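Values below: all heavy atoms of this structure, side chains included; hydrogens, waters and symmetry mates excluded. In what follows, every chain begins at residue 1, and chains take the letters A, B, ... in the order their sequences are listed.
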Amino acid sequence: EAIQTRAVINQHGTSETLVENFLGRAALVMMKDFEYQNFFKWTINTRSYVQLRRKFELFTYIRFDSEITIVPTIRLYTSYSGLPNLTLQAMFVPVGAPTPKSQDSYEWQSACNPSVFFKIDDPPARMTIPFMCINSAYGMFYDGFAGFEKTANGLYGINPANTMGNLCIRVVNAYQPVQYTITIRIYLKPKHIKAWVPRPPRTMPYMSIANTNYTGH
Amino acid sequence: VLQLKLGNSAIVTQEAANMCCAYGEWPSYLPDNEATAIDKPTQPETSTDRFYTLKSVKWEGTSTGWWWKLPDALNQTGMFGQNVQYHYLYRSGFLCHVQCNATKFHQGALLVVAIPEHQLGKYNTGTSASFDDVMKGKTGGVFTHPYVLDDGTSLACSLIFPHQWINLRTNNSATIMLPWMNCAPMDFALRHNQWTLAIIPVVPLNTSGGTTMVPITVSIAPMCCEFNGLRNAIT
Amino acid sequence: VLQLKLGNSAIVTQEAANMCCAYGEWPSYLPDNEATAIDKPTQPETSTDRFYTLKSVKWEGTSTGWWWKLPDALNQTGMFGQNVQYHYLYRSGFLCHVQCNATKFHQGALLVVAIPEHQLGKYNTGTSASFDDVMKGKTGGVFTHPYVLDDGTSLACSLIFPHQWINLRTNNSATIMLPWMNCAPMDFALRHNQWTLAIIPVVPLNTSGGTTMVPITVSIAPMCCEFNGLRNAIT
Amino acid sequence: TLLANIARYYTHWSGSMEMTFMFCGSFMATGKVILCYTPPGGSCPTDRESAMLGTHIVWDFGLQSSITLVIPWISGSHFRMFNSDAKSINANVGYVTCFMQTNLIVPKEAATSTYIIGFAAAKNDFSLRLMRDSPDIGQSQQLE
């Protein structure tokens with residue numbers, strides 16, 4: 001039933017297949033909802049979605065800066081169509097700092113964790129996080145253990161130096177009388193990409209997020 | 001009286017061979033800088049570069065016109081047909097020659113127009129033309145509504161296409177040279193046509209004591225045939 | 001390990017390609033001074049200049065030998081067969097290649113001899129060989145009395161013909177290059193043969209725990225094909 | 001192949017391709033096989049005669065264990081018709097087919113069954129365009 005067609009493919013040049021263009025696309029890395037836990041907390045990683053993970057697992061070592069764009073949307077409940085122009089606070093917490101536990105925790109005024117204050121009805125917030133790893137490049141794969149303790153023996157393949165930090169987003173505005181749900185979309189665009197040691201592509205379904213186990217099909 | 005000789009075929013003409021090059025371009029070849037990015041074509045300068053004389057058609061007083069689609073008209077004729085059936089990629093020009101045989105007591109005018117990418121249409125229906133309607137081979141088609149060129153345009157404005165006039169009191173021959181007319185360097189001969197040679201009788205053929213029928217002879221010669229290589233070594 | 005490549009065909013050999021030119025003459029072409037008095041031939045340097053690999057034959061311990069007659073072996077195979085069937089005059093050389101596949105525990109010797117004008121004979125009869133007896137096509141013939149070369153001569157004195165030896169303990173390949181062998185500048189391919197490639201097992205194939213059958217591969221490539229012109233202009 | 005997996009991330013591809021075959025039989029094992037190339041739009045050979053009549057190499061794997069084929073040009077893309085829901089698939093751009101010229105010959109002590117493995121890669125004139133999403137895994141429904 002399929003029509004067997006063809007075309008005279010006329011093309012030249014290799015600038016499109018550059019690694020800077022291969023992995024340099026802004027991809028959605030997380031999407032979460034919270035109805036006014038009570039705030040958005042998520043550790044930054046590129047393995048959340050299978051497509052981006054498969055693309056990134058084509059190399060062993062990758063070094064890049066991170067560009068983050070936060071796109072918030074609000075939907076009301078029960079009665080006008082007037083969405084409040086709330087103020088949002090997105091704070092980046094590095095690995096060596098504690099993360100907030102509640103909406104009004106003390107860490108929201110850290111003065112060392114960078115924070116962005118932006119409004120709902122404004123252009124989406126955007127900030128660039130540099131290459132913060134302790135090593136020269138991130139390890140897409142790690143054949144080893146964090147330490148010698150029996151606790152670390154259950155953490156095969158986890159290198160503590162590969163964590164990228166936490167992004168905590170909250171609504172600074174107090175509880176409004178109305179009921180609303182906030183949806184947060186995080187877009188990550190790597191910059192200044194450098195990649196080393198290409199690897200065979202993944203051909204089998206993933207069974208977990210941190211072990212590279214495989215199952216049927 | 002001169003002759004148009006191409007390969008092993010020759011046509012005797014009435015010295016009216018004022019050739020009309022379509023858009024002022026001679027068919028030359030695929031340029032070198034356009035061939036690096038695509039498959040490399042060879043140049044079969046074989047018997048493909050000869051005139052193919054189709055069967056003569058009858059011009060009557062009620063004729064609406066005839067059209068031939070290229071390279072569909074030559075897809076099953078001679079060495080060109082063989083090369084078309086064995087190669088999947090082709091690129092060639094054409095040199096159409098139209099001749100008429102009439103006495104000094106005949107009258108009529110033919111508009112020999114080469115229409116590129118002539119997408120044939122239908123009349124009072126939404127369904128597109130079927131395969132048999134378009135691909136007519138060497139027999140050729142017959143215009144149903146020559147006033148609209150069978151496509152909703154106007155024959156009056158068809159003069160913008162590469163054309164020649166055959167007025168029986170002035171001349172009886174037309175010669176249009178067609179270059180490569182496509183948006184791609186090469187194309188597929190079996191299911192796409194580049195030119196449509198149309199012969200529309202603008203002024204009806206008339207006479208009082210004549211034969212009431214004159215023959216029209218169409219001769220088409222591919223000019224710069226190029227096909228994909230079928231014998232590149234794989235070592 | 002080297003390759004013998006001709007056109008779009010390649011053969012991998014065992015470096016034993018010590019070519020034997022028959023009578024020390026390379027096949028070149030019809031000379032200019034010999035072509036003025038006869039019909040002018042063109043040079044179709046088309047796919048005719050490739051190796052044609054026949055079906056492998058089985059060498060057994062009781063084999064008497066196989067022969068192929070040229071150009072009869074290629075008269076119905078590929079572009080050479082087409083050109084032979086469409087042209088009435090031909091002139092070409094040949095490059096026969098013979099290969100064997102055997103282990104180090106096999107033994108036997110093959111005499112690959114190219115016999116020119118091998119007029120086949122019969123045994124205890126006066127009637128000459130019939131058409132089916134001689135023209136065997138690409139299947140080839142089988143010697144009945146290899147001791148007399150099927151013509152009343154001696155295989156012992158057949159060493160005077162262009163020949164090569166295949167001794168399984170030394171080599172497994174033979175390559176004989178045959179020039180034009182005729183008393184006329186050109187000839188007719190359909191009813192006259194110039195060379196007869198014979199493969200006679202002088203020493204029988206033997207083994208104790210082997211396969212008792214080894215294949216023999218024959219590859220023949222016309223070298224300087226020339227045919228009468230089929231497209232000379234008549235103007 | 002790696003070439004296919006990488007090219008699945010792009011829409012249009014063109015260029016030449018390299019191909020290699022390896023015979024992994026025993027040392028004294030010998031025989032002949034025919035490797036044929038059919039250009040795009042041709043008919044795939046059905047027997048040894050047709051394969052020999054086309055572009056081919058007679059490979060004697062007893063002598064050398066590796067043979068390399070150079071494919072001149074392959075091309076392809078992804079298509080979608082304008083006002084129709086009919087699926088459009090790129091046509092075949094040729095085949096590479098192997099036919100046995102002579103039967104396999106092995107000594108008594110060697111194994112009676114051998115194997116052939118193959119490799120494939122592109123040349124330096126290969127190109128890709130219009131990066132897309134690989135459908136290799138998929139299985140996502142609601143952008144979870």
Kindly check if the number of other-residue, nucleotide or ligand heavy atoms within 6.0 Å of OH (A:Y214) is above 12?
-> no
If you check every heavy atom in residues 16-23 of chain A against those of chain D, which residues fall under 4.5 Å?
-> A:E16, A:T17, A:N21, A:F22
What do you reckon, is CD of A:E35 surrounded by more than 12 foreign heavy atoms closer than 6.0 Å?
-> yes
Contacting region of D:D136 [heavy-atom separation from chain A under 4.5 Å] | side chain
Here the gap from D:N90 atom CG to A:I3 atom CD1, rounded to the nearest 0.5 Å, amounts to 13.0 Å
Taking the side chain as every heavy atom from C-beta outward, state whether A:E1 and D:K87 have any atom pair closer than 4.5 Å.
-> no
Taking atom CZ of D:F119 as the centre, does the number of heavy atoms from other residues, nucleotides or ligands within less than 6.0 Å exceed 12?
-> yes
Output the option from D:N5, D:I6, D:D133 having the highest count of non-hydrogen pairs under 4.5 Å with chain A.
-> D:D133
List for me each residue that meets side-chain hydrogen bond (donor to acceptor under 3.5 Å, both in side chains) alongside D:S26, sequence neighbours excluded, and say none if there are none.
-> none
Check whether D:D125 gets within reach of chain A through its side chain, its backbone, both or neither, counting any heavy atom under 4.5 Å.
-> neither
Sort by residue number and list every member of residues 195-209 of chain A having a non-hydrogen atom under 4.5 Å from chain D.
-> A:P201
Step through the shown structure and confirm whether more than 12 heavy atoms of other residues, nucleotides or ligands are within 6.0 Å of CZ on A:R185.
-> no
Portion of D:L143 that has a non-hydrogen atom of chain A nearer than 4.5 angstrom = both
Heavy-atom proximity to chain A below 4.5 Å, by part of D:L128 | both
Using a cut-off of under 4.5 Å for heavy-atom pairs, which of D:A86, D:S77, D:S127 has the most such pairs with chain A?
-> D:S127
Residues of residues 42-67 of chain A under 4.5 Å from chain D (heavy atom pairs)?
-> A:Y49, A:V50, A:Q51, A:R54, A:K55, A:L58
Against chain A, label D:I137 side chain, backbone, both or neither, depending on which of its atoms sit under 4.5 Å from a heavy atom there.
-> side chain
Can you check whether D:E144 reaches A:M31 side chain to side chain, under 4.5 Å on heavy atoms?
-> no
Might you confirm whether atom CZ of D:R132 has over 12 heavy atoms from other residues, nucleotides or ligands at distances under 6.0 Å?
-> yes
So which of D:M81, D:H12, D:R129 has the biggest tally of heavy-atom pairs under 4.5 Å with chain A?
-> D:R129
